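These notes concern the structure reproduced below.
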Amino acid sequence: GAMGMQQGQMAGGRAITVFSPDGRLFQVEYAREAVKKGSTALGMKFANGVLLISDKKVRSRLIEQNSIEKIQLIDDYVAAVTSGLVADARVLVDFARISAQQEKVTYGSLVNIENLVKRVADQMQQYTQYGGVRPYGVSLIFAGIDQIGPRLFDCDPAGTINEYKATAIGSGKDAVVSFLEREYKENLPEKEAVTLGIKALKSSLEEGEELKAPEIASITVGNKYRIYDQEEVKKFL
Amino acid sequence: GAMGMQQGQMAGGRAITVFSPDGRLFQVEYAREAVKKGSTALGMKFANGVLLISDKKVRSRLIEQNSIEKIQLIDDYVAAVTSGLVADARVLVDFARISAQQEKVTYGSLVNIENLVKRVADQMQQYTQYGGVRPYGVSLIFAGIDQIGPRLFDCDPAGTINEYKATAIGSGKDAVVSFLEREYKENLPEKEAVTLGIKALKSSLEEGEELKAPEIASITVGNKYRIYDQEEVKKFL
Amino acid sequence: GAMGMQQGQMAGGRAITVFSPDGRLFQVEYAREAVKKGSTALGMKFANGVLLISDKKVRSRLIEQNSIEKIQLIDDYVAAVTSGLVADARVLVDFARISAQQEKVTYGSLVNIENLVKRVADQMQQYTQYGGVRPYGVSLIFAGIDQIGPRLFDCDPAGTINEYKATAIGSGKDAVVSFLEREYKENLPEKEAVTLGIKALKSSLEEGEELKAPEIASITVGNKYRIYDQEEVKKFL
Amino acid sequence: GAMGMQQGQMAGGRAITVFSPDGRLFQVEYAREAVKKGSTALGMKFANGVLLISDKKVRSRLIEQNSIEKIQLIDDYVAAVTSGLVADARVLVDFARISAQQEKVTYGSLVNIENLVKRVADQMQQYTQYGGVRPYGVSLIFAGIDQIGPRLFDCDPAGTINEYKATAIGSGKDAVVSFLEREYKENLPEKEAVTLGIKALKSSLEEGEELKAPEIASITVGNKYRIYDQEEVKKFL
Amino acid sequence: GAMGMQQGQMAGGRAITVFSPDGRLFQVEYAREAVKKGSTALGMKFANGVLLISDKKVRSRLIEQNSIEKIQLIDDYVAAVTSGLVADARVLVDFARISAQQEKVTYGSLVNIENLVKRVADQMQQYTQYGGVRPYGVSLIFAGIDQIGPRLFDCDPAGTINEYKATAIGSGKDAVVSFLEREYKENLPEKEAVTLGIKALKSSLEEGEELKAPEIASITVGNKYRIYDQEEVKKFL
Amino acid sequence: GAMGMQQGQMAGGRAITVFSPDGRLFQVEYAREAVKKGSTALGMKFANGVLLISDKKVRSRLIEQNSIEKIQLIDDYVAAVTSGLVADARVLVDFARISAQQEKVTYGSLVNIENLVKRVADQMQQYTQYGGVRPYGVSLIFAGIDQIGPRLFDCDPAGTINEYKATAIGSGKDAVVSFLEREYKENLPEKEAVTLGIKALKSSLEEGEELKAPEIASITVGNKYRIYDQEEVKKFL
Amino acid sequence: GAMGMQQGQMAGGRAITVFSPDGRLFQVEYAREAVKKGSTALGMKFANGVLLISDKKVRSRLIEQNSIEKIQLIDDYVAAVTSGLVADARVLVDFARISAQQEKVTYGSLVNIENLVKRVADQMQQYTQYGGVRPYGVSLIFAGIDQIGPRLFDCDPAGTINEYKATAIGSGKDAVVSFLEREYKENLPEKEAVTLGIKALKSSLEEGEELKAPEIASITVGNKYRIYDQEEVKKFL
């Protein structure tokens with residue numbers, strides 16, 4: 001290792017690394033498609049915290065209900081929800097989990113969450129140009145409260161990242177996003193915030209009437225994340 | 001020890017890791033095909049345990065009967081049954097076996113079985129994107145009782161994993177699954193559960209009348225797995 | 001039938017690791033072809049041991065007769081006979097050989113022969129999915145007596161393995177396999193076993209009348225393998 | 001990880017690395033296209049410093065405003081602004097950052113900024129010829145005051161670097177560059193410099209009337225970088 | 001409907017490691033061709049040793065005669081001759097040479113010559129399946145006396161190996177092999193053996209009348225190899 | 001069939017390491033094209049030293065004049081001028097620089113400059129054959145005075161190196177090279193030498209009349225390099 | 001988008017390391033072409049030494065005459081002359097130089113010059129089969145006197161080597177070779193040898209009348225190489 005490269009490379013790889021004559025990475029585009037075909041979910045900053053809410057659409061009676069958690073915990077103060085290729089999504093989450101621990105064990109504290117999202121984004125970005133390897137077909141949004149305050153970030157297959165006041169992803173994005181874009185209330189207290197949200201989620205994917213059972217979680221500055229119990233969400237439902 | 005692989009070109013070339021214009025991994029699809037053409041098997045949680053049952057369809061008098069065991073043990077408290085390219089299934093089984101052992105030797109106990117399946121799933125997910133290498137053409141289900149209790153999982157070539165109350169896989173999946181979807185009884189005591197199962201298995205693949213000799217095994221909270229003997233199974237047959 | 005390629009640069013150069021739209025590994029298929037064109041051989045469990053018998057079809061006077069041994073020992077208590085690409089068989093056999101030694105030197109004894117074959121099988125299966133490399137176009141059968149008793153297994157290019165009561169391989173497989181399928185006698189004593197065998201072998205490939213000189217070996221529980229001498233085989237001939 | 005590996009054979013991969021019969025790297029060309037489609041930004045030396053300004057074109061009310069910072073600090077005395085594939089840009093920037101620190105910890109001080117940009121450019125140049133890997137689709141400009149005095153450089157996907165008296169990049173380059181090319185005033189005092197710039201920016205992208213909210217930062221010999229606050233910028237707006 | 005793009009036939013990839021739809025390695029085939037276009041040579045066991053003979057076909061006066069030795073020594077007790085791509089032949093010959101020394105240095109003696117050839121063969125076999133690398137376009141025959149007694153083997157591009165009573169290689173293989181196949185005399189004493197040989201060689205390649213000057217060497221049990229001198233060979237000519 | 005060959009017309013390239021049926025490296029050729037489209041520059045040995053001169057064609061007022069140095073120093077007693085892909089030139093130049101230092105640190109002195117060029121030349125030659133990598137799209141000339149005396153060398157993308165009495169490179173190579181070819185005066189004294197040069201340079205590229213501001217430098221045995229100041233050059237201009 | 005004499009499908013050898021259906025390496029073939037298009041040179045053993053002679057065809061007056069040495073030394077007792085891709089030739093020569101030093105440093109003396117050439121040949125041969133790498137487009141001849149005596153060898157891109165009494169290489173090979181093939185005099189004393197040579201070289205390439213200035217060097221057993229001075233050769237001219 002005379003060169004002493006910071007990043008190792010198992011192989012150069014072949015395919016997935018061609019700009020179209022119009023300056024676009026088609027594979028990254030196709031990857032985005034798969035995410036469009038995923039479940040719908042959203043999140044939004046409110047009073048003194050941020051909430052995450054995803055549409056838990058279930059099929060057979062034979063499915064073990066809750067076990068199909070869409071909103072996941074990275075750490076007591078940071079959760080993420082994903083949409084797209086399930087396998088890809090999982091693996092990406094675990095990366096984020098350990099990555100979170102890493103900052104914790106070295107600095108002793110996850111001071112800025114933006115940094116956590118950046119690291120998993122970069123992971124994704126590498127597959128955007130490193131030849132022989134398929135891009136991660138998934139998008140996800142991170143939410144929680146860090147040293148700075150309540151934070152909401154999203155991230156696409158491209159490795160692109162932005163911070164929002166409110167946003168959604170998955171199948172009914174354009175829809176639910178418009179709703180918020182119009183009726184999103186800045187410092188909405190929790191109860192009302194979850195309402196506006198569920199209403200927004202509803203309107204969107206609710207071309208098929210029944211909202212079914214939404215999965216919702218919320219954290220407020222000062223303490224740990226709170227997952228809503230079946231009845232509590234059904235109350236807003 | 002170690003293989004000592006100084007330098008070799010095991011992986012190379014281009015032909016996979018390409019998302020289609022509609023967001024699909026055709027290779028993983030083609031793989032799924034291989035599993036459909038696999039034998040039929042199912043399982044379900046019951047009273048205070050879970051059972052597994054596979055259709056042991058035999059040909060020649062010259063085959064060594066039982067030696068063609070479809071339900072395989074991972075450890076005294078967890079078994080799995082597979083469907084798809086036989087070779088791929090075997091190697092993927094052994095991986096889970098040692099992987100199981102690993103958790104035992106570090107932590108002292110395989111507390112959560114869900115985790116065991118996740119590892120093997122991730123293994124499969126890797127070949128879903130790492131360029132030069134064909135995916136695992138197989139699906140399988142893990143069943144057993146862990147720290148949490150009786151648990152039932154299934155996994156496909158995509159690395160997708162889900163927990164069930166009852167399910168099937170292989171050739172007659174759609175069929176048998178629908179029967180259960182309809183006549184599945186929550187806390188059915190073992191004797192009746194194995195029955196409902198065998199009945200369900202019958203209907204499905206039984207376009208060809210004869211059920212032949214099914215392979216069935218079960219475990220109940222509090223103890224190790226029990227493989228049904230020829231006569232015992234023939235009793236429900 | 002293109003999926004949706006538009007890049008002029010891409011149009012070929014596909015590697016070995018592609019499932020057909022129907023879920024098949026054509027390469028493994030074409031491999032099988034090669035083994036079909038191989039010599040014909042069989043083996044069957046009998047009284048208290050198992051035997052091996054292959055058709056040693058010779059051409060020129062100029063060949064060093066016996067030197068063209070088709071039945072090869074892996075160890076005094078276990079042998080294998082092969083068919084398909086000669087070179088690939090050889091190297092595969094030597095692998096089994098050393099592999100056998102390993103278990104002996106670590107555990108002190110090759111307790112279960114089934115395991116030895118599983119390993120060489122796994123070797124083959126690796127080439128079925130690891131990109132840049134050609135599958136082993138050879139099928140072979142191992143037989144001998146282990147701690148469990150007299151055993152017989154076969155292995156094809158896909159790495160598939162099974163245990164039989166009797167079986168064959170090579171060109172005249174279908175034929176000879178059918179003969180046994182019908183006239184195979186369970187605990188047939190050696191002398192008669194070899195008879196039924198040579199008879200079966202005959203019928204099959206004997207579209208060309210002359211059986212020529214078969215190569216036959218047998219081992220019985222309690223002792224080491226015995227290779228039949230020219231005269232002894234000719235006796236049954 | 002657990003197994004040791006030796007780095008060797010620099011060559012690897014095969015894809016982009018072909019000169020057209022007219023001696024052009026089409027890939028790098030396409031890359032450039034991507035940068036044309038990016039946001040517009042510029043920079044210019046003035047009285048005793050240099051300033052940067054980028055068009056921060058915002059969409060939804062749901063975006064976290066400022067968080068979409070386009071001008072980025074590399075260190076208190078040198079900033080950079082980018083255009084092209086957003087992910088690529090980010091990773092490149094961080095490289096610039098760690099690299100800047102590297103010089104500082106070895107030499108004790110980043111004496112010549114030209115060097116910094118030289119290293120990042122070489123980074124990009126590598127992807128212009130090393131087989132299997134897609135080029136960075138981005139162009140950025142570095143500005144800041146070094147040991148030599150105020151300095152301004154630009155960098156394109158080809159690895160080409162040049163020092164300007166003023167320049168721009170992104171979508172409206174041609175437009176804005178021309179305006180300056182004509183009315184650029186040599187040692188224009190900051191206040192008028194930023195004016196000449198925002199005007200130049202306006203005219204250009206201002207086919208769509210509304211200049212929206214520009215992002216502007218400036219540094220002067222002797223001290224650290226200063227970013228203009230919302231009101232201050234709005235003052236020149 | 002149903003998919004039927006590939007009924008059973010598939011396109012052959014350019015890469016080296018593809019079985020044809022008929023179970024054949026075309027590249028290995030093409031290699032064989034190269035060997036047929038080589039010079040003709042043969043060898044045969046006789047009285048109490050073995051001899052080798054190759055047609056040394058010379059062109060210009062400007063060639064350094066003898067220097068074009070086709071019969072090469074691997075060790076005083078074992079020689080080999082080759083046909084096909086000259087370069088490939090040479091490299092292949094030296095490997096065998098060093099390989100022989102290795103056996104000598106570890107065991108203290110080259111006990112069985114069959115093993116030596118086996119090693120050189122496996123080498124070639126490797127290039128039959130390991131992807132990116134062209135097979136050895138050469139075939140050679142080893143001859144000499146070992147612990148067992150006089151021995152003779154041949155080896156082709158496929159790594160296939162056999163031992164003969166007599167055999168040839170190169171261009172006029174088919175012709176000369178037939179001659180011997182018919183007129184080969186078992187325990188023919190040297191003088192006559194070399195005659196039968198030279199006659200056989202003659203007949204074969206002697207469509208062009210002049211046999212020219214043949215290269216011949218012979219070893220007998222009990223001693224080292226003996227290469228015939230110009231005059232001695234001309235005596236049988 | 002046999003000796004099958006595709007269309008003679010070549011357009012869509014792929015791998016880089018393929019001789020044409022006529023014995024040429026199309027990629028290296030195409031490379032040359034890139035250099036032809038580069039600036040024009042020349043050099044010639046004179047009285048007791050050597051001088052270099054390049055046409056510094058400038059565009060916008062906004063460029064930082066001198067900073068676009070075309071003549072670059074490798075060490076106080078050796079400089080080089082380059083033409084072709086700017087990016088490839090630079091990286092190559094730096095290679096020569098450190099390469100120079102290397103000889104100094106080991107032998108204590110850069111005795112022979114011809115050697116320095118050979119090393120940078122080999123670097124280039126390497127990319128002419130090592131597969132997966134695009135050749136350096138540049139040519140340059142090295143001149144200065146070494147232990148032997150005043151020297152002048154040129155190097156193209158192929159890695160070809162020649163020593164000249166006078167030569168040129170770039171766009172108008174053929175033209176200027178011809179003027180010299182005819183009016184070159186062997187031991188011309190500096191002042192006149194630079195005159196003959198500028199004249200020669202003029203004629204060539206001067207289809208467009210204005211010579212603009214040339215960049216010139218000269219060194220004489222016994223001392224270090226001297227770069228002409230704006231006015232000085234303007235004097236000959 | 002491919003190169004070929006247009007005759008049938010199948011690439012001639014673009015993917016390198018591919019035997020043609022008739023058993024030929026097209027890439028190696030194309031390489032030979034380039035050596036044909038190189039300068040013409042020859043050598044022949046004489047009285048008690050050997051001499052080399054190459055046609056030094058020069059163009060412009062601007063070239064540094066002698067500096068374009070075609071005959072190069074490897075060591076005071078062995079020289080070689082090359083033809084083909086100049087760049088490839090050079091690196092190939094340096095290899096043989098260091099390679100010579102190696103033997104001297106280990107054994108204390110270069111005993112057999114044949115070995116030296118063989119090493120440079122094998123190097124070449126490697127690129128004949130190791131996939132991703134263009135073969136060396138050059139041929140060269142080594143001449144000198146070793147422990148055995150005066151020696152002369154030639155070597156092509158294929159890695160084929162032969163020892164001669166006299167031979168040539170490059171463009172007019174066939175021509176000059178015939179001349180020798182007819183009028184070559186065995187133990188011709190130097191003065192006359194060089195004559196027979198220069199005459200031969202003349203006839204050949206001299207379709208263009210003027211032989212220009214030939215480069216000639218010779219060595220005699222017992223002492224070191226002697227390169228002829230401009231006048232001395234002009235004496236034979």
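Ligands are numbered from 1 in the order shown, residues from 1 within each chain, and chains are lettered A, B, ... in the order they appear in the structure tokens.
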
Exercise for review: Specify as a list in words all residues of chain B found within 12 Å of chain E, counting only C-alpha atoms.
Suggested key: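 Per the criterion, chain B yields residues 8, 9, 10, 11, 12, 13, 14, 15, 30 and 33 of chain B.
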
Can you write out the residues you just picked, keeping N, CA and C atoms, as a compact mmCIF listing (two decimals), in the first residue's frame?
# COMPACT_ATOMS: atom_id res chain seq x y z
N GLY B 8 -6.82 -13.21 -8.27
CA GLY B 8 -7.59 -13.92 -9.29
C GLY B 8 -8.76 -13.06 -9.77
N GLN B 9 -9.27 -13.37 -10.96
CA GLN B 9 -10.39 -12.62 -11.54
C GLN B 9 -11.69 -13.42 -11.44
N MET B 10 -12.12 -13.71 -10.22
CA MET B 10 -13.35 -14.47 -10.03
C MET B 10 -14.56 -13.70 -10.54
N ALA B 11 -14.61 -12.41 -10.22
CA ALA B 11 -15.73 -11.56 -10.65
C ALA B 11 -15.27 -10.65 -11.79
N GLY B 12 -16.12 -10.48 -12.80
CA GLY B 12 -15.77 -9.63 -13.93
C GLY B 12 -16.86 -9.62 -15.00
N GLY B 13 -16.64 -8.81 -16.03
CA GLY B 13 -17.59 -8.71 -17.14
C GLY B 13 -18.80 -7.85 -16.77
N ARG B 14 -19.74 -7.74 -17.71
CA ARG B 14 -20.96 -6.95 -17.50
C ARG B 14 -22.17 -7.66 -18.11
N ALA B 15 -23.31 -7.59 -17.41
CA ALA B 15 -24.54 -8.22 -17.90
C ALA B 15 -25.68 -8.10 -16.87
N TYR B 30 -36.21 -13.26 -12.95
CA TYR B 30 -35.90 -14.55 -13.58
C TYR B 30 -35.57 -15.58 -12.53
N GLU B 33 -38.62 -16.97 -10.87
CA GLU B 33 -39.18 -18.02 -11.72
C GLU B 33 -38.68 -19.38 -11.28

Point to revise | Contact residues around residue 64 in chain F with only C-alpha atoms at 8 Å, ignoring same-chain residues under 4 positions, as a VMD selection string | key: (chain D and resid 163 to 165) or (chain F and resid 68)

Could you write those residues out with N, CA, C and O atoms, as a CSV table (one decimal), in the first residue's frame?
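Written output follows (out.csv):
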chain,number,residue,atom,x,y,z
D,163,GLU,N,-7.0,30.9,-13.8
D,163,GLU,CA,-7.2,32.0,-12.9
D,163,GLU,C,-7.9,33.2,-13.6
D,163,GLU,O,-7.4,33.6,-14.7
D,164,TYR,N,-8.9,33.8,-13.0
D,164,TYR,CA,-9.6,34.9,-13.7
D,164,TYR,C,-9.6,36.1,-12.9
D,164,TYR,O,-9.1,36.1,-11.7
D,165,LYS,N,-10.0,37.2,-13.5
D,165,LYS,CA,-10.1,38.5,-12.9
D,165,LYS,C,-11.5,38.6,-12.5
D,165,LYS,O,-11.9,39.3,-11.6
F,68,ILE,N,-1.3,32.2,-17.4
F,68,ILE,CA,-1.5,31.1,-18.3
F,68,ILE,C,-0.1,30.8,-19.0
F,68,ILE,O,0.1,31.0,-20.2

**Study point:** Exercise: residue 110 in chain F partners within 12 Å, only C-alpha atoms, chain neighbours under 4 positions left out, as a ChimeraX atom specification
**Key:** /F:74-78,97,99-106,114-117,144-148

**Study point:** Separation of CA of residue 109 in chain C from CA of residue 96 in chain C, in Å and rounded to one decimal
**Key:**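 About the pair CA of residue 109 in chain C and CA of residue 96 in chain C: they are 15.1 Å apart.
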
Check your understanding: Please, what distance in Å, to one decimal, runs between CA of residue 139 in chain C and CA of residue 159 in chain C?
Key -> 8.9 Å

Point to revise | Computed interatomic separation between CA of residue 24 in chain E and CA of residue 34 in chain C (Å) | key: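 CA of residue 34 in chain C lies at a distance of 6.7 Å from CA of residue 24 in chain E.
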
Point to revise | Minimum-distance residue to residue 125 in chain B, chosen among B:196, B:3, B:161, B:58 (using only C-alpha atoms) | key: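 Closest candidate: B:161.
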